[PDB]
Amino acid sequence: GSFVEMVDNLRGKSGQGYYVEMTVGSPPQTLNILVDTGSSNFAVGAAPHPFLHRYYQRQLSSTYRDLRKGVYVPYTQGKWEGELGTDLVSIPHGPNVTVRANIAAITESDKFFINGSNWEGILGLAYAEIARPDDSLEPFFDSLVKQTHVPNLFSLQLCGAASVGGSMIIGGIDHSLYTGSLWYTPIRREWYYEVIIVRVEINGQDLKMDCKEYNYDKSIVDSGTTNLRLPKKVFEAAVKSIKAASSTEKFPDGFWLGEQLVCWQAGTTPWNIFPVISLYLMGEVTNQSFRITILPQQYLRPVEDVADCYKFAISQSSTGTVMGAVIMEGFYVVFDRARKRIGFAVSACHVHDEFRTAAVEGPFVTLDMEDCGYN
Ligand SMILES: CC#C[C@@]1(c2cc(NC(=O)c3ccc(C#N)cn3)ccc2F)CCOC(N)=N1
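Residues numbered from 1 in each chain as written, not as in the entry; some residues may be left out. Heavy atoms only, no water. Residues with missing side-chain atoms left out of burial classes, pairs and counts.

1. As for the domain arrangement of the protein
Often, the extent of an interface is quoted as the loss of accessible area on bringing the components together.
Then step 1. Under the domain assignment, the protein is made up of domain 1 (18-150) and domain 2 (151-375).
Then step 2. At the interface, 20 residues of domain 1 touch 26 residues of domain 2.
Then step 3. In total, about 2,000 Å² of surface goes out of reach between domain 1 and domain 2, with carbon and sulfur atoms giving 64% of it.
Then step 4. When the area that domain 1 buries against domain 2 is broken down by residue, the three leading residues are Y18, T37 and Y127, summing to 40%.
Then step 5. Salt-bridge contacts for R189 lead to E129; the nearest nitrogen and oxygen are separated by 2.5 Å.
Then step 6. In this structure, the connection of domain 1 to domain 2 is made through 12 residue pairs in polar contact.
Then step 7. For the side of domain 1 that touches domain 2, the elements supplying multiple residues, two or more each, are β3 (29-36) and α1 (140-147). (Domains from an automatic or database assignment. Contact = heavy atoms within 4.5 Å. Buried area = accessible area lost by both parts, 1.4 Å probe. Salt bridge = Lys/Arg side-chain N within 4 Å of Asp/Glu carboxyl O. Polar contact = N/O pair within 3.5 Å; in protein donor to acceptor, adjacent residues only side chain to side chain. Helix = DSSP H or I, 4+ residues; strand = E, 2+ residues; numbered from the N terminus.)

See below:
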């Protein structure tokens, strides 16, 4: 109910993600680690990459154990490769416990770390299924729950903007971080945090799409992604409707594609011309759904580094819907692993104005929600 030690344990810069402090090895080596619900490895920088403030030094730890196994993780942009081991892991502003966890010691990477950022590793909070190299590599949170009496649950309050903050409550919920009620959507399958979107509204106007399109080929909740990413077909329909609703002002085609910024004189941004975005999610009960609603304050991201400018952070995807920071910053989100469900509630810290607020509302009646999931 109240975990005062863990409130405000997240830091970050706008655009660079949310990180928590962790210690690895004996004696403890302090590192800043990206909180990532879209991956399942605990992967830390372990060599002196010039971009990194700090890195894991295995030679300094008496509790380090080599698994004698390498891992190689490519993607379209670049890669990371590491050496698998285990060591003792602790979270200073988390539960008072010490865990033997898997660590991928990153020894070479490309386009992985961010130049100028204050984190040097990633905490993959998703499930074993998508761990590299395979599901035999037990994820951190699985190790934490197996080795301690920490409840099988964590919650995230990501507070948007140059210095963002928030809370990762590990093993529970802090009721001060949200208003109103939590509403829960089932975790469809334990790999990513997969969920089912059953309906999409732009300013109350239904997009009227076959709800299967909203989840093609999956919908996930991902704190390790900035944007609200929408399947191509859905993105297309959504921007068409956002354009119509905001047609009072015109903007270049590049703005809606994230290829270009738009700027207003300081303090004059016309939030009111931009529509709210509502996602209905599958509820706990047969034929029952609920709705989450975000403002332009979530999807128009301030860009400080130019030479009041904003980027459109709803973008097209071929990996399905990703509910990134654009969604999560509106809400306190409860990753209730024990009950295979994810809870949403209005965040006590979300950015809004005097006219509109982020919202979690229900119940609604939605039929054939099971047909919305992709096979
Ligand atoms: C292993 C791993 C991983 C990644 C991954 C994520 C990131 N995140 C970020 O830089 C980031 C995160 C949040 C916000 C925000 N707000 C801004 N920036 C960087 C490198 C990665 F390889 C792969 C792509 O997707 C996810 N989920 N995890």
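There's plenty left to go through after this.
2. A word on the environment of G94
Then step 1. Positionally, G94 belongs in the loop between β6 (79-90) and β7 (98-110).
Then step 2. Measuring from C-alpha to C-alpha, the distance between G94 and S26 comes to 18 Å, with 68 residues separating the pair along the chain.
Then step 3. Ignoring anything within four residues of it in the chain, the contact list for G94 reads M6 and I170.

3. Quick notes on the pattern of salt bridges
Then step 1. For the coordinates displayed, the defined rule picks out 15 salt bridges.
Then step 2. Measuring nitrogen to oxygen at the nearest pair gives 2.8 Å for the salt bridge that ties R291 to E361.
Then step 3. Taking relative accessible area as the criterion, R291 reaches 15% and is therefore assigned buried.
Then step 4. Shared partners join several salt bridges into a network, and the residues in it are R199, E201, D206, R291 and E361. (Buried < 20%, exposed > 50% of the residue type's maximum accessible area, 1.4 Å probe, protein only.)

4. A word on the UniProt feature "disulfide bond" in the protein
Then step 1. Formation of the UniProt-listed bridge between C159 and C349 is supported by an S-S distance of 2.0 Å, under 2.5 Å.
Then step 2. On the accessibility criterion, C159 (14% relative accessible area) is buried.
Then step 3. In this structure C349 comes out as partly exposed when scored by relative accessible area, which is 23%.
Then step 4. A sulfur-sulfur distance of 2.0 Å between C263 and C309 means the disulfide UniProt records for this pair is formed in the structure.
Then step 5. What makes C263 partly exposed here is its relative accessible area of 46%. (Disulfide = S-S within 2.5 Å. UniProt positions renumbered as here; feature names shortened; annotations may be inferred.)

5. Concerning the state of the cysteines
Then step 1. Applying the stated criterion across every chain, the model contains 3 disulfides.
Then step 2. Here the bonded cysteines of the protein are numbered in sequence order, and their pairing is 1-5, 2-6, 3-4.

6. Regarding the packing of aromatic side chains
Any pair of aromatic rings gets described here by the distance separating the centres and the angle formed by the planes.
Then step 1. Counting across every chain of the model gives 27 aromatic pairs.
Then step 2. With centroids separated by 6.0 Å and ring planes inclined at 55 degrees, the aromatic side chains of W264 and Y310 adopt a geometry described as tilted.
Then step 3. Exposure remark for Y310: the relative accessible area of 9% places this residue in the buried category.
Then step 4. Taken together, a centroid distance of 5.5 Å and an interplanar angle of 80 degrees make the contact between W271 and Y310 edge-to-face. The same class applies to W271 as to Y310, namely buried.
Then step 5. Every member of this aromatic cluster is reached through a ring pair, and the members are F251, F255, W256, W264, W271, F274, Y299, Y310 and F312.
Then step 6. In this structure, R199 packs its charged tip against the face of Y280, placed 5.2 Å from the ring centre.
Then step 7. Above the ring of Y192, the side-chain terminus of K218 is found at 5.2 Å from the ring centroid. (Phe/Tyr/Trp six-rings, centres within 6.5 Å; stacked < 30°, edge-to-face > 60°. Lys NZ or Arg CZ within 6 Å of the ring centre and 35° of its normal.)

7. Regarding the site of the ligand
Then step 1. Close contacts around the ligand come from 18 residues, with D36, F112, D222, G224 and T226 the closest.
Then step 2. Residue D222 places a side-chain N or O atom 2.9 Å away from a nitrogen atom belonging to the ligand.
Then step 3. Class assignment for the residues of the shell around the ligand results in 7 nonpolar, 9 polar and 2 charged.
Then step 4. Lining the shell around the ligand are residues from two domains, each supplying at least three of them: domain 1 (18-150) and domain 2 (151-375). (Near = heavy atom within 4 Å. Nonpolar A, V, L, I, M, F, W, Y, C, P; charged D, E, K, R; others polar.)

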